[PDB]
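Q: Below is a structure I'd like to ask you about.
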Amino acid sequence: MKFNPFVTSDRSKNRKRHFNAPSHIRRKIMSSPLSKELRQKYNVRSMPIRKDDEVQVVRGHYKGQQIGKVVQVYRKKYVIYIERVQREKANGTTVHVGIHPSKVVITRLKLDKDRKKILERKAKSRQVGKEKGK
Amino acid sequence: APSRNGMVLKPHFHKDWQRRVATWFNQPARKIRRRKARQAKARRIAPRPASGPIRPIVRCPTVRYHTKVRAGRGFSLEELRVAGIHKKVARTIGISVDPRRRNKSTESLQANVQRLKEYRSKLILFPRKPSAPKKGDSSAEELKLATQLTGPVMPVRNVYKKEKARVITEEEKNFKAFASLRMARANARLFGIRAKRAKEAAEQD
Amino acid sequence: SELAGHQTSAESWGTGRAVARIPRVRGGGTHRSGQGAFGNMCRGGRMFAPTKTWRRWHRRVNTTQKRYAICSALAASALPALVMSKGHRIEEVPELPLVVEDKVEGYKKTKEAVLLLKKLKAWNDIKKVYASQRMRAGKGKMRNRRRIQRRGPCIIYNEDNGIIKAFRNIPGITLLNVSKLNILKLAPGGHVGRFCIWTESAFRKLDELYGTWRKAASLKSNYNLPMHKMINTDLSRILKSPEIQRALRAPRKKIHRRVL
RNA sequence: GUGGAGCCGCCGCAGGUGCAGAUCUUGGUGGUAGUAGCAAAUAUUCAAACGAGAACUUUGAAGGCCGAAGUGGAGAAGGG
RNA sequence: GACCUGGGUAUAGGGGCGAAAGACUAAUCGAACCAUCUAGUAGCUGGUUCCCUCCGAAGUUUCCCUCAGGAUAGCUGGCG
RNA sequence: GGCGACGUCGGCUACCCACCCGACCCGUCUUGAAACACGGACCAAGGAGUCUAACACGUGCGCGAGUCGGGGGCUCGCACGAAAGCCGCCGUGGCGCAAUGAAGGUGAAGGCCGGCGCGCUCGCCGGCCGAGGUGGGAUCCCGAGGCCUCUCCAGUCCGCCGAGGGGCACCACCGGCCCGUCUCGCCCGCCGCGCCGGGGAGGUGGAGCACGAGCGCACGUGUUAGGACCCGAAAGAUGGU
RNA sequence: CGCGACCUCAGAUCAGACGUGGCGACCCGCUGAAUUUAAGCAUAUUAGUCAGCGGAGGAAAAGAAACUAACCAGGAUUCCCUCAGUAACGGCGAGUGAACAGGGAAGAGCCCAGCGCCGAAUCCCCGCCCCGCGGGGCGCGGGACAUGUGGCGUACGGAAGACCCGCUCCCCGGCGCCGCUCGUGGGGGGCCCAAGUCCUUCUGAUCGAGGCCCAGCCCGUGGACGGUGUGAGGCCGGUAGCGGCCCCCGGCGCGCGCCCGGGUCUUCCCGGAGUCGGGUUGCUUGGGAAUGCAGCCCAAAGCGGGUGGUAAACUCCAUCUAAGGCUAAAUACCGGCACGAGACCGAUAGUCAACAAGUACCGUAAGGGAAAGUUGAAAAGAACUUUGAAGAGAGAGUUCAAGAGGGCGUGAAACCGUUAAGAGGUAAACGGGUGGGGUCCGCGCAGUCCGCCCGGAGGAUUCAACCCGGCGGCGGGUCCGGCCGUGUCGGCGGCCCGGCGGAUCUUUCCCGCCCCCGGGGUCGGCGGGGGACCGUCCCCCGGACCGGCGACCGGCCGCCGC
RNA sequence: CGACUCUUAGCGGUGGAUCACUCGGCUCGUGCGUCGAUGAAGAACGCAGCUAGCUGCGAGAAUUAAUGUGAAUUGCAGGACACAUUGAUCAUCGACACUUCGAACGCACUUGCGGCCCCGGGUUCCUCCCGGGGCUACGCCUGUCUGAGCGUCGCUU
Ligand SMILES: [Mg+2]
Ligand SMILES: [Mg+2]
Ligand SMILES: [Mg+2]
Ligand SMILES: [Mg+2]
Ligand SMILES: [Mg+2]
Ligand SMILES: [Mg+2]
Ligand SMILES: [Mg+2]
Ligand SMILES: [Mg+2]
Ligand SMILES: [Mg+2]
């Protein structure tokens, strides 16, 4: 239950802060869980999705053990595009159908200098949660 | 517009009264506000007591209320003079001073003087760095509490006398009657007239 | 309705011109130019008797009736029929004023809360609260209350030592202090008899907080508990008493139907 | 049967609580009705070209009108 | 010709201006228009939204700048 | 007791049609509307007795000669909690518990017994008590008598019971008391003997007394003030273009 | 005649500063109607409100008595509850209508002119420097202000000087830095639980079912929102005196700057003018033989003046010290910047405005001022063929669905096309009564009864009766073990190691004092504490009843299941 | 027979009601409570690769620097992916910049007309010669400089 009297609990103001979101908040809210192999090696739960993560889809019409990299992350439409899941048009041109990153599981991160520093900070802040149990 | 047996009424709603309405919806919102104006003042001060200085014993005016005891404004100069403390040092002791108050009784003079010496003997001061003029050792063994509440020495304490039991004697069950009221009530109003007839027989020769 | 719908400049057309005598807006050009202005009839008009924010929202109840209802709200939570006929599944639970010992007030973690209610056989009422996890019927959903829910047991205590944190994650539950009880928690909906888990030190304090009929309440200055209008209240025993049925006539048990 | 995401019973509570009319308000649609009417200042006709398509466009010829206080040729105001 | 007319400029609401009609003053003139006071007031027109059960009238007395209205008595209903 | 299979049996509605009878179109003001009285072409949605204050009476609930925290105050910093709880040397105050008079002011207990002062149309002392009396008065109490398988001896009961008794609420009446006035009158009192105080007896004025019933909350109805059930002027004012 | 000073004044694009306008919800100064009410209308009421005009601020205004009071007296202002719909005003009609005590919120006080005193002991500006950061100075030398009076000590509660007497060495800011900040100081960022497990439905799941005797997992985290549909666990988040980061803030201790108070007596000092007040005239107020304010005229006093609510003269008493000034808090806020919420409204509602709304558009202008939400989960927005000049079709295709095809969710009625059925010279429609057809349902069609008991016909199993084992309940009983209710008490028991209550009592207890001759007298009390008594609630032994829905054990009866 | 008319029902159209949704109100509350000559509020104009509006901006014009963040913006193109350079984007915002009118300020408001001072080049320039820069409103305070007066007076002749 919410106790902080400075953060909302109404329906209409939480939606309005969702669809009018700034694009740096919008990478935070488009996060996806790591795979069960990979969340044990990094002891971190979920990550904001970027451009060349290997990834597979866990619910929807296109799902099931189809590791294949993302290629384009629309923040404005809250949608990643993955290189394999597509759709033929009536014209015959093939287009990417778009799926939301909550319905999607990272199977290989793309590490750079920053994705070390994001994982290490998200992992270090969990041992203090373990140290509280005294 | 009237009817059967009812009241004849003067509602004062002939003026534009919807503009000057005051609705108390913030009144719990302000009662929890001026609690915080007391708590964050009480810890703001010191171990100095909350609810301000010490007030005098003061009897109310106006015959309806003259039988009771109220807390006043300040002790004043006459009562400060006898107690021995200076008139401008008194408000850093914690004693409020009301210089425009008069003492014309002596019973109520000595009541607040007894009140004010009783206060100073249950007061402990803090010297800055411990030289202590007119103050002794460790502060009453850390002063037995921190901060007081709603009046230092319980400022109303409206007290009455015992007057246990007597035996009804002669000259007491005989005299002091209703007639002594009515005669004293008449002698106050025939007083100026009868002293005018007295002048008339003095100019009579 | 804020000011009014009276931020309109408008007059009646008055005379003939074959229109109603309602005020019409001024000007030309726009659609809104010969239309019915303020009055509780018009598209864009002013409502009938616009609601005023100085309505008497709040009600006084004199405090011996508040304490009358709070003695009647506690005494019905000891009768097993009234507390089970309000729906609280209290079949398997033992003795109806449930009192667990005062060690329960220092629970600090809700695993200890859950197996407590399981071993007091009161989890089967919390599990009923998960069954009423509907969403709201009606337009109250868009006014940010979307889920309706049954209220379950209420745990009533004194000297909170961490107990408030262990039980509040459990749904449908209530924690109220035994110094400061509440008619809105003990009798939800106005119906009497909510199931309650007392603690020892809460349960003993009731004797000094409402007083028995010999001695008044100690923590309440001038309150003694309300006397009865009936002493013996099972009148199936009174009407079968030998004092009553020595005095009666006889039943008159023909029918004497209509005679042709 | 349509429809596609919420809703209802009982016990109490609370109203911006139920329409046929107010020459009611706003919106919609009929009959009248394929009806009244598309009649101020004399007037058009032949061929051709372009075109899916011509009483009305362009062109050629004929017939006419404004007739120099113009239905001609230029401006101020206004329009932009 | 007490001629006509363009532009410039002056006069503003109980005020303008009038060879005088109470004419004219932005389609408005026996006192303009726009906004507010204002949801002005009406003893006077019009309207006044579900069912069933039970009871069921009055247009007369007296006073009123009273006669299209009200108070008052009578009739009516409900609680007892 | 009798009758009948793959198209028949039964059934009804917002189905359609026929026929006989009855039947003018609603709303409205009105003595009277189908009216040659007014409003309505048609459909959809909107649309008019509200809310606050005061008061009256009924009703429901808590306490009850009292009642009431509404204004503050206290409780760890708590979603719900702008809630709830508590105070009592926070009951100040409000209404009630006492009326009357313009006012100064005054301000609600009688009846019996025994005796005495001219038991004088007037009273005085002591005791008993204690809200007077009359007529009705639900209810309750007493009750001669009455009612039971064989006759005299006893028990609980029940029903009937003429008559008698204590009488609630309440009504009518008579009497009493308090306040204002009015007439007639006489006596008493003393922080001081007076253009001082107190009392009497009869008659009238009062929203009084005659063993308290109010207060708080809620709901209902009615009246009023408010825009006040909705809609409606001809006007008036300020300030501007 | 010249020159010098000073006073009155000018000028300047002088050096350095300042004011203007906006916003105006609240606040301050003026100005100010009428509609309306009185059933008419003038005084009155509306209303000192609307409009007009000027000034501010985060609050403003007020504010330390020329007060209230009339007694045992209170003691600045502001706000609340009362006082109170009251005293009073009023064609005494309609209507209007304050205050003081009292209870609270908050509480805080001060300064000048004057009278004297100190050799103007004072301030501004410039110049170079002590020496500095983020710039302000106390230090240095010049130009002004200023004696027509700057600064110090002083203010009505009195003050000053000189005595005498006993105390005493202080406070303020700046600078560094360490130690904390009560919700645990503020601001900003980026982080911190647990299923996407098995079956299953579906266009797609957040559905539905399942997880050992540890309750499948987390929980200080089951607020919420978004995700192909309803999500504690897939994702933001939310929980937590959770963690880590960056900046900003209030306050301890080294170096500047400032620094004799109090009591008693004696002597001296002691106050604001065209103001108070009076007249008259307007307005205003509840203010009435005038409450306030303003004009004009007259115009003071000094044991005075003002007030003391009925005009005046006399008197006594009370009370305050006017015509100069500052001041926080409690209070107001429908404008602003940020926020939270709701028994609210749901696109004819709610703001005029959910959208390119103060927008299109209208008026010369002031001003007026709308309409207008919805494809789908995802554009996957209908390629290609074909007819036609094209709109527009017919096929094909996407999608769960085009019966969602670009104002596209659902798609009502009025109105219109069509097909089907029925009918038709007293305009249609309706009431009542049957009839004929039709749509459709139910039975299922000369095939309808259902369970009860008994005697018939063969079949198939096992109890019953009876007893024994065995647990569990029903009812009665010594109230036996426990048990509690109500009156009676006692052990005054626990009263000093008992609770509360009492306007019971005790002038012998105990503490600070008054009344008379260092002491004393109960010698009568005062402030406080003690301990007896009474009233009620807590145990022990007896006794009283019922053992009442408070119970268990034994034994009895009769049920029951195994 | 057909047509016409009427009553029901199906189906199609007209129309946008109902229902379900809601990045909007409305109400109450809390915290702060900040404009302007150092040019505010407002107005006008302009600015995007393809851009009319709304929104955002000011010739540095759909944004610059910085800090935080750490791979997008997206209707289509285009371009740097460099990030153990400096790093896309977005938020924050403390540095810089901010056309014209407006209290509006040289004077007028007609883009009308100046006046001094200095600068880069032309008469190597005073006496009105191109561009640029600075200055020039009113009120008023303190001070300065200049000086009016048969104002008052001094010392003089
Ligand atoms: Mg909200
Ligand atoms: Mg609904
Ligand atoms: Mg009719
Ligand atoms: Mg006028
Ligand atoms: Mg400001
Ligand atoms: Mg619509
Ligand atoms: Mg940049
Ligand atoms: Mg220049
Ligand atoms: Mg000017």
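How things are named: the first chain in the structure tokens is A, the next is B, and so on; residues count from 1 in each chain; ligands count from 1 in the order shown.
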Neighbours of ligand 5 at 9 Å or closer, counting only C-alpha atoms (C1' of nucleotides) and all ligand atoms: which residues, as a PDB file with N, CA and C atoms (P, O5', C5', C4', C3', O3' and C1' of nucleotides), in the first residue's frame?

A:
ATOM      1  P     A G  56       3.078  51.098  -5.289  1.00  0.00           P
ATOM      2  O5'   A G  56       2.408  49.665  -5.346  1.00  0.00           O
ATOM      3  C5'   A G  56       3.048  48.542  -4.770  1.00  0.00           C
ATOM      4  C4'   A G  56       2.906  48.526  -3.270  1.00  0.00           C
ATOM      5  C3'   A G  56       3.301  47.234  -2.587  1.00  0.00           C
ATOM      6  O3'   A G  56       4.690  47.147  -2.360  1.00  0.00           O
ATOM      7  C1'   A G  56       1.212  47.940  -1.775  1.00  0.00           C
ATOM      8  P     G G  57       5.482  45.820  -2.759  1.00  0.00           P
ATOM      9  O5'   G G  57       5.091  44.794  -1.623  1.00  0.00           O
ATOM     10  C5'   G G  57       5.238  45.107  -0.255  1.00  0.00           C
ATOM     11  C4'   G G  57       4.732  43.956   0.556  1.00  0.00           C
ATOM     12  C3'   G G  57       5.269  42.625   0.095  1.00  0.00           C
ATOM     13  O3'   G G  57       6.537  42.383   0.664  1.00  0.00           O
ATOM     14  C1'   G G  57       2.927  42.496   0.378  1.00  0.00           C
ATOM     15  P     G G  58       7.329  41.023   0.396  1.00  0.00           P
ATOM     16  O5'   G G  58       6.925  40.137   1.648  1.00  0.00           O
ATOM     17  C5'   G G  58       6.930  38.721   1.589  1.00  0.00           C
ATOM     18  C4'   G G  58       5.666  38.158   2.176  1.00  0.00           C
ATOM     19  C3'   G G  58       5.642  36.645   2.319  1.00  0.00           C
ATOM     20  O3'   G G  58       4.780  36.287   3.392  1.00  0.00           O
ATOM     21  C1'   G G  58       3.901  37.314   0.917  1.00  0.00           C
TER      22        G G  58
ATOM     23  P     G H  33       8.327  31.336   0.485  1.00  0.00           P
ATOM     24  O5'   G H  33       7.349  32.199  -0.424  1.00  0.00           O
ATOM     25  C5'   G H  33       7.689  32.502  -1.765  1.00  0.00           C
ATOM     26  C4'   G H  33       6.483  32.919  -2.557  1.00  0.00           C
ATOM     27  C3'   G H  33       5.986  34.330  -2.322  1.00  0.00           C
ATOM     28  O3'   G H  33       6.669  35.261  -3.147  1.00  0.00           O
ATOM     29  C1'   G H  33       4.168  32.786  -2.308  1.00  0.00           C
ATOM     30  P     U H  34       7.790  36.244  -2.550  1.00  0.00           P
ATOM     31  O5'   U H  34       8.647  36.682  -3.808  1.00  0.00           O
ATOM     32  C5'   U H  34       9.688  35.862  -4.323  1.00  0.00           C
ATOM     33  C4'   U H  34       9.893  36.115  -5.794  1.00  0.00           C
ATOM     34  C3'   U H  34       8.857  37.027  -6.424  1.00  0.00           C
ATOM     35  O3'   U H  34       9.444  37.702  -7.521  1.00  0.00           O
ATOM     36  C1'   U H  34       8.736  34.915  -7.429  1.00  0.00           C
ATOM     37  P     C H  35       9.080  39.233  -7.790  1.00  0.00           P
ATOM     38  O5'   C H  35       8.684  39.243  -9.323  1.00  0.00           O
ATOM     39  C5'   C H  35       9.638  38.920 -10.313  1.00  0.00           C
ATOM     40  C4'   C H  35       9.122  39.290 -11.668  1.00  0.00           C
ATOM     41  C3'   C H  35       9.730  40.530 -12.287  1.00  0.00           C
ATOM     42  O3'   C H  35      10.966  40.289 -12.918  1.00  0.00           O
ATOM     43  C1'   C H  35       7.393  40.675 -12.419  1.00  0.00           C
TER      44        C H  35
END

Q: List the neighbours of residue 175 (chain B) out to 12 Å using only C-alpha atoms (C1' of nucleotides); skip same-chain residues closer than 5 positions along the sequence, and give me the result as an MDAnalysis selection string.

A: (chainID B and resid 169:170 180:181) or (chainID F and resid 189:191)

Q: Keeping only C-alpha atoms (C1' of nucleotides), write the selected residues as a PDB file, in the first residue's frame.

A:
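Just written: out-v5.pdb:
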ATOM      1  CA  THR B 169     -25.795  30.874  68.573  1.00  0.00           C
ATOM      2  CA  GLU B 170     -27.833  33.838  69.733  1.00  0.00           C
ATOM      3  CA  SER B 180     -30.861  44.480  57.017  1.00  0.00           C
ATOM      4  CA  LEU B 181     -30.663  44.294  53.234  1.00  0.00           C
TER       5      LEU B 181
ATOM      6  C1'   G F 189     -38.947  45.903  63.621  1.00  0.00           C
ATOM      7  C1'   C F 190     -33.724  48.945  64.521  1.00  0.00           C
ATOM      8  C1'   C F 191     -25.694  49.476  62.244  1.00  0.00           C
TER       9        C F 191
END

Q: Counting only C-alpha atoms (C1' of nucleotides), what is within 10 Å of residue 178 (chain F), bar same-chain residues fewer than 4 positions away, as a ChimeraX atom specification?

A: /F:98-100,106-108,208-209

Q: Residues of chain B were defined as contacting chain G if any atom lay at most 9 Å from it, counting only C-alpha atoms (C1' of nucleotides); please report them as a PDB file with N, CA and C atoms, in the first residue's frame.

A:
ATOM      1  N   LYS B  10     -36.967  37.424  12.078  1.00  0.00           N
ATOM      2  CA  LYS B  10     -36.132  38.405  11.398  1.00  0.00           C
ATOM      3  C   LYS B  10     -34.862  37.687  10.965  1.00  0.00           C
ATOM      4  N   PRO B  11     -34.902  36.902   9.891  1.00  0.00           N
ATOM      5  CA  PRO B  11     -33.642  36.403   9.344  1.00  0.00           C
ATOM      6  C   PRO B  11     -32.943  37.540   8.625  1.00  0.00           C
ATOM      7  N   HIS B  12     -31.650  37.678   8.872  1.00  0.00           N
ATOM      8  CA  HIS B  12     -30.878  38.757   8.273  1.00  0.00           C
ATOM      9  C   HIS B  12     -30.208  38.280   6.991  1.00  0.00           C
ATOM     10  N   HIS B  14     -31.198  39.555   3.908  1.00  0.00           N
ATOM     11  CA  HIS B  14     -31.513  40.535   2.885  1.00  0.00           C
ATOM     12  C   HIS B  14     -30.283  41.168   2.278  1.00  0.00           C
ATOM     13  N   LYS B  15     -29.110  40.638   2.558  1.00  0.00           N
ATOM     14  CA  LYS B  15     -27.863  41.194   2.079  1.00  0.00           C
ATOM     15  C   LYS B  15     -27.175  40.090   1.304  1.00  0.00           C
ATOM     16  N   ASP B  16     -26.260  40.460   0.416  1.00  0.00           N
ATOM     17  CA  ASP B  16     -25.669  39.463  -0.465  1.00  0.00           C
ATOM     18  C   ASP B  16     -24.719  38.585   0.332  1.00  0.00           C
ATOM     19  N   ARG B  34      -1.203  23.823  13.493  1.00  0.00           N
ATOM     20  CA  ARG B  34      -0.706  24.548  14.641  1.00  0.00           C
ATOM     21  C   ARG B  34      -0.400  23.625  15.808  1.00  0.00           C
ATOM     22  N   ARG B  43      10.619  21.811  20.865  1.00  0.00           N
ATOM     23  CA  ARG B  43      11.979  21.318  20.691  1.00  0.00           C
ATOM     24  C   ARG B  43      12.887  22.382  20.103  1.00  0.00           C
ATOM     25  N   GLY B  52       5.170  29.142  27.240  1.00  0.00           N
ATOM     26  CA  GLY B  52       5.590  30.478  27.567  1.00  0.00           C
ATOM     27  C   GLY B  52       5.818  30.736  29.037  1.00  0.00           C
ATOM     28  N   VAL B  58      -4.821  36.374  39.101  1.00  0.00           N
ATOM     29  CA  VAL B  58      -5.587  37.558  38.744  1.00  0.00           C
ATOM     30  C   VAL B  58      -7.057  37.243  38.925  1.00  0.00           C
ATOM     31  N   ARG B  59      -7.755  38.100  39.636  1.00  0.00           N
ATOM     32  CA  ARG B  59      -9.169  37.920  39.860  1.00  0.00           C
ATOM     33  C   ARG B  59      -9.922  38.665  38.772  1.00  0.00           C
ATOM     34  N   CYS B  60     -11.004  38.071  38.286  1.00  0.00           N
ATOM     35  CA  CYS B  60     -11.750  38.629  37.179  1.00  0.00           C
ATOM     36  C   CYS B  60     -12.558  39.863  37.593  1.00  0.00           C
ATOM     37  N   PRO B  61     -12.931  40.709  36.633  1.00  0.00           N
ATOM     38  CA  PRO B  61     -13.820  41.845  36.926  1.00  0.00           C
ATOM     39  C   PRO B  61     -15.289  41.479  36.928  1.00  0.00           C
ATOM     40  N   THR B  62     -16.174  42.479  37.051  1.00  0.00           N
ATOM     41  CA  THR B  62     -17.582  42.394  36.644  1.00  0.00           C
ATOM     42  C   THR B  62     -18.415  41.356  37.372  1.00  0.00           C
ATOM     43  N   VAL B  63     -19.113  41.771  38.439  1.00  0.00           N
ATOM     44  CA  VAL B  63     -19.670  41.047  39.588  1.00  0.00           C
ATOM     45  C   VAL B  63     -19.983  39.574  39.367  1.00  0.00           C
ATOM     46  N   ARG B  64     -20.502  39.254  38.182  1.00  0.00           N
ATOM     47  CA  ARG B  64     -20.702  37.872  37.750  1.00  0.00           C
ATOM     48  C   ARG B  64     -19.447  37.025  37.878  1.00  0.00           C
ATOM     49  N   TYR B  65     -18.273  37.587  37.613  1.00  0.00           N
ATOM     50  CA  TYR B  65     -17.056  36.784  37.587  1.00  0.00           C
ATOM     51  C   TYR B  65     -16.061  37.108  38.688  1.00  0.00           C
ATOM     52  N   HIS B  66     -16.400  37.955  39.643  1.00  0.00           N
ATOM     53  CA  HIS B  66     -15.367  38.424  40.556  1.00  0.00           C
ATOM     54  C   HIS B  66     -15.052  37.436  41.663  1.00  0.00           C
ATOM     55  N   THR B  67     -15.596  36.221  41.617  1.00  0.00           N
ATOM     56  CA  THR B  67     -15.406  35.239  42.671  1.00  0.00           C
ATOM     57  C   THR B  67     -14.357  34.204  42.313  1.00  0.00           C
ATOM     58  N   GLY B  72      -3.214  36.024  34.428  1.00  0.00           N
ATOM     59  CA  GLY B  72      -3.185  37.357  33.864  1.00  0.00           C
ATOM     60  C   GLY B  72      -2.156  37.500  32.769  1.00  0.00           C
ATOM     61  N   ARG B  73      -1.615  38.709  32.640  1.00  0.00           N
ATOM     62  CA  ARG B  73      -0.656  39.027  31.590  1.00  0.00           C
ATOM     63  C   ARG B  73       0.781  38.984  32.088  1.00  0.00           C
ATOM     64  N   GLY B  74       1.091  39.883  33.020  1.00  0.00           N
ATOM     65  CA  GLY B  74       2.404  39.995  33.629  1.00  0.00           C
ATOM     66  C   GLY B  74       2.291  40.295  35.115  1.00  0.00           C
ATOM     67  N   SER B  76       4.008  42.457  37.023  1.00  0.00           N
ATOM     68  CA  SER B  76       4.183  43.925  37.184  1.00  0.00           C
ATOM     69  C   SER B  76       5.299  44.368  38.137  1.00  0.00           C
ATOM     70  N   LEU B  77       5.571  45.670  38.124  1.00  0.00           N
ATOM     71  CA  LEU B  77       6.641  46.281  38.911  1.00  0.00           C
ATOM     72  C   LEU B  77       6.537  46.227  40.439  1.00  0.00           C
ATOM     73  N   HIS B  86      14.873  42.288  39.045  1.00  0.00           N
ATOM     74  CA  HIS B  86      14.894  43.512  38.266  1.00  0.00           C
ATOM     75  C   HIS B  86      13.793  43.485  37.214  1.00  0.00           C
ATOM     76  N   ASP B  98       3.938  42.965  33.232  1.00  0.00           N
ATOM     77  CA  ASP B  98       2.900  43.845  32.696  1.00  0.00           C
ATOM     78  C   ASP B  98       2.953  45.159  33.449  1.00  0.00           C
ATOM     79  N   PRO B  99       3.645  46.176  32.931  1.00  0.00           N
ATOM     80  CA  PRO B  99       3.849  47.392  33.724  1.00  0.00           C
ATOM     81  C   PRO B  99       2.610  48.246  33.882  1.00  0.00           C
ATOM     82  N   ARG B 100       1.575  48.043  33.078  1.00  0.00           N
ATOM     83  CA  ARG B 100       0.386  48.859  33.216  1.00  0.00           C
ATOM     84  C   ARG B 100      -0.618  48.274  34.200  1.00  0.00           C
ATOM     85  N   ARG B 101      -0.270  47.211  34.913  1.00  0.00           N
ATOM     86  CA  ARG B 101      -1.172  46.662  35.915  1.00  0.00           C
ATOM     87  C   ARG B 101      -0.914  47.323  37.261  1.00  0.00           C
ATOM     88  N   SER B 105      -5.030  46.138  46.142  1.00  0.00           N
ATOM     89  CA  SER B 105      -5.189  45.290  47.304  1.00  0.00           C
ATOM     90  C   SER B 105      -3.834  44.779  47.763  1.00  0.00           C
ATOM     91  N   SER B 108      -4.025  40.366  47.356  1.00  0.00           N
ATOM     92  CA  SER B 108      -3.637  39.893  46.033  1.00  0.00           C
ATOM     93  C   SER B 108      -2.232  40.332  45.645  1.00  0.00           C
ATOM     94  N   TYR B 160     -11.078  26.898  47.410  1.00  0.00           N
ATOM     95  CA  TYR B 160     -12.095  27.334  48.348  1.00  0.00           C
ATOM     96  C   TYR B 160     -11.736  26.829  49.738  1.00  0.00           C
ATOM     97  N   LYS B 161     -12.406  27.386  50.743  1.00  0.00           N
ATOM     98  CA  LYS B 161     -12.056  27.150  52.135  1.00  0.00           C
ATOM     99  C   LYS B 161     -12.947  26.073  52.747  1.00  0.00           C
ATOM    100  N   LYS B 162     -12.494  25.525  53.875  1.00  0.00           N
ATOM    101  CA  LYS B 162     -13.185  24.386  54.476  1.00  0.00           C
ATOM    102  C   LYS B 162     -14.394  24.828  55.298  1.00  0.00           C
ATOM    103  N   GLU B 163     -14.152  25.547  56.406  1.00  0.00           N
ATOM    104  CA  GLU B 163     -15.176  26.162  57.271  1.00  0.00           C
ATOM    105  C   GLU B 163     -16.186  25.120  57.772  1.00  0.00           C
ATOM    106  N   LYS B 164     -15.694  24.263  58.673  1.00  0.00           N
ATOM    107  CA  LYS B 164     -16.251  22.920  58.820  1.00  0.00           C
ATOM    108  C   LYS B 164     -17.662  22.918  59.431  1.00  0.00           C
TER     109      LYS B 164
END

Q: Please return as an MDAnalysis selection string the residues found within 10 Å of ligand 2, counting only C-alpha atoms (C1' of nucleotides) and all ligand atoms.

A: (chainID C and resid 137:139) or (chainID D and resid 6:8) or (chainID H and resid 19:20)

Q: Show me which residues are within 10 Å of ligand 3 counting only C-alpha atoms (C1' of nucleotides) and all ligand atoms, and format the list as a PyMOL selection string.

A: chain F and resi 25-28+33-35+37

Q: Measuring atom to atom with only C-alpha atoms (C1' of nucleotides) and all ligand atoms, identify which of H:153, H:6, H:28, H:66 is nearest to ligand 1.

A: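 For ligand 1, the nearest of the given residues is H:28.
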
Q: Check every protein, DNA and RNA residue against ligand 1, keep those with an atom at most 8 Å away (counting only C-alpha atoms (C1' of nucleotides) and all ligand atoms), and present them as a ChimeraX atom specification.

A: /A:10,12-13 /C:143 /G:341-342

Q: In Å, rounded to a single decimal, give me how far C1' of residue 179 (chain G) is from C1' of residue 255 (chain G).

A: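 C1' of residue 179 (chain G) lies 22.0 Å from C1' of residue 255 (chain G).
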
Q: Between C:228, C:43, C:108, C:67, which residue has the minimum interatomic distance to residue 27 (chain D), considering only C-alpha atoms (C1' of nucleotides)?

A: C:43

Q: Select the residues contacting ligand 6 at a distance of at most 8 Å, based on only C-alpha atoms (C1' of nucleotides) and all ligand atoms, then format the selection as a PDB file with C-alpha atoms (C1' of nucleotides), in the first residue's frame.

A:
ATOM      1  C1'   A G 347     -18.381  14.461 -24.820  1.00  0.00           C
ATOM      2  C1'   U G 348     -26.229  18.053 -25.407  1.00  0.00           C
TER       3        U G 348
ATOM      4  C1'   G H  16     -25.864   9.491 -34.263  1.00  0.00           C
TER       5        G H  16
END
